[PDB]
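**Q**
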Amino acid sequence: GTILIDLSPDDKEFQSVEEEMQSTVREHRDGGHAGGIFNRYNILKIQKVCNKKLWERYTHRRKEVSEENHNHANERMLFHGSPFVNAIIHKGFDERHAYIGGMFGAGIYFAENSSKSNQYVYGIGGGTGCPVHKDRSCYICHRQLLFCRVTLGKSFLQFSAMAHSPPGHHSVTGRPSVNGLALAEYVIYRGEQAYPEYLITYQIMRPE
Ligand SMILES: Cc1cc(=O)[nH]c2cc(-c3ccc(C(=O)O)cc3Cl)ccc12
Ligand SMILES: [Zn+2]
Numbered sequence: 567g568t569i570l571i572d573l574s575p576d577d578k579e580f581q582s583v584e585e586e587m588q589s590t591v592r593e594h595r596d597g598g599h600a601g602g603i604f605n606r607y608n609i610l611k612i613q614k615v616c617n618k619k620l621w622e623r624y625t626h627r628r629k630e631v632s633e634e635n636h637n638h639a640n641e642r643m644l645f646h647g648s649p650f651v652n653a654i655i656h657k658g659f660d661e662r663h664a665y666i667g668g669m670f671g672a673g674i675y676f677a678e679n680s681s682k683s684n685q686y687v688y689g690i691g692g693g694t695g696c697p698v699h700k701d702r703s704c705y706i707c708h709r710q711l712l713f714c715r716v717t718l719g720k721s722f723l724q725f726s727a728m729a730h731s732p733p734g735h736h737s738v739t740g741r742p743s744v745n746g747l748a749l750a751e752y753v754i755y756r757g758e759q760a761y762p763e764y765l766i767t768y769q770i771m772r773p774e
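According to the numbering used here, the sequence shown holds residues 567 to 774 in order.
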């Protein structure tokens, strides 16, 4: 029962979501290997993802976390890129989407930097790039990211040199320690702690 509603570029909701995507682009230490070389995106569309069942599943978990955490869900809006984006908007996040080899544990990963999530749209490491051209820096093919509502609850703070959550925690916060430009990443262990609120379709832009 998911329906996608197109936002008009003239709508303030479109404009705030586009500004979060654009303003959280950073340079990556791979020189663009995984996600391509760019400083900004061309946003083609932003759709609101509406699924009553998935939304209730998310608010039900959010109330349980918030009750375990002095009435504080610690809810954030974060990006998630994956080849499974079509399945996530219809069926929700789940364990099948956990990153088994993730540095901060086997869970589902979200990013503050949209350009970190862009690195994963075509798979771990950028996979083989776009399906059409096999190009991880393709400027033609349309990519998609989710901008998601995520319940962190009590988050374990892991400093990083760039399964279940640690006992008594509802998530993990991956704090960069070496690149003072990198924003945080977060990992959750139950799919019902994230709701894919917006589906953003875009291209990366070749720098001038
Ligand atoms: C760090 C991070 C940020 C993000 O926005 N998205 C991701 C997605 C995956 C991921 C996990 C499993 C698989 C697969 O089973 O094939 C694929 C991917 Cl892309 C892993 C990590 C991230
Ligand atoms: Zn392509």
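Backbone N, C-alpha and C fix where the C-beta goes; we use that ideal spot for every residue, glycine too.
Only counting the same chain, and skipping five residues up and downstream in sequence, which positions put a Cβ closer than 6 Å to that of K700?
**A** Only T694 meet the Cβ criterion.
**Q** Going by DSSP, what residue range makes up the beta strand (DSSP E) through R741?
**A** Counting along the chain, the beta strand (DSSP E) containing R741 begins and ends at 737 to 742.
**Q** Take the Cβ of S648 as the centre, count every other Cβ of all protein chains shown within 10 Å, and call the residue buried at 16 or more, exposed below.
**A** Label assigned to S648: buried.
**Q** Could you check what DSSP says for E634 in three-state terms: helix, strand or coil?
**A** Residue state, collapsed to three classes: coil.
**Q** Contact between the stretch 670 to 681 and the stretch 736 to 751 is defined here as three or more beta-carbon pairs at a separation below 8 Å; is this criterion met?
**A** Enough Cβ pairs lie closer than 8 Å, so yes.
**Q** Grouping DSSP H, G and I as helix and E and B as strand, with all else coil, what is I609?
**A** Strand.
**Q** Among the residues of its own chain, which have a CB less than 8 Å from the CB of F725, if the five just before and after it don't count?
**A** Correct list, in chain order: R741, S743.
**Q** Using a 10 Å radius around the Cβ and a threshold of 16 neighbouring Cβ atoms, would you call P773 buried or exposed?
**A** Counting Cβ neighbours within 10 Å, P773 comes out exposed, since fewer than 16 surround it.
**Q** Quick check: is any heavy atom of ligand 2 less than 7 Å from the C-beta of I770?
**A** Every heavy atom of ligand 2 is 7 Å or more from the Cβ of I770, so no.
**Q** Does any heavy atom of ligand 1 sit closer than 7 Å to the C-beta of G689?
**A** Because some heavy atom of ligand 1 lies under 7 Å away, the Cβ of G689 counts as near it: yes.
**Q** I need the residues with a C-beta less than 6 Å from some heavy atom of ligand 2; please give them in chain order.
**A** Counting every residue whose Cβ lies closer than 6 Å to a heavy atom of ligand 2, we get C696, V698, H699, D701, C704, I706, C707.
**Q** Excluding sequence positions up to five away, which residues of its chain have a Cβ less than 6 Å from the Cβ of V716?
**A** Hits under 6 Å: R642, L644, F676, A760.
**Q** Quick test of your reading: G601 and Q710, contact by CB under 8 Å. State the CB separation rounded to the nearest angstrom.
**A** In fact, because the Cβ distance is near 13 Å, the residues do not count as touching under 8 Å.
**Q** Compare the beta carbon distance of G719 and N640 with 8 Å and say whether it is the shorter of the two.
**A** Result yes, Cβ atoms of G719 and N640 sit closer than 8 Å.
**Q** Could you tell me the alpha carbon to alpha carbon distance between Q581 and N608, rounded to whole angstroms?
**A** Answer to the nearest angstrom: the Cα atoms are 13 Å apart.
**Q** So who's on the other strand from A677, going by DSSP bridges?
**A** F645, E751, per the DSSP bridge assignment.
**Q** Within the present structure, is the beta-carbon of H599 separated from the nearest heavy atom of ligand 1 by less than 7 Å?
**A** Checking the Cβ of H599 against ligand 1 gives no.
**Q** Just verifying my parser: in three-state terms, what is the DSSP assignment at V687?
**A** Three-state result, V687: coil.
**Q** At the level of alpha carbons, what is the spacing between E593 and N605?
**A** Cα-Cα distance, rounded: 8 Å.
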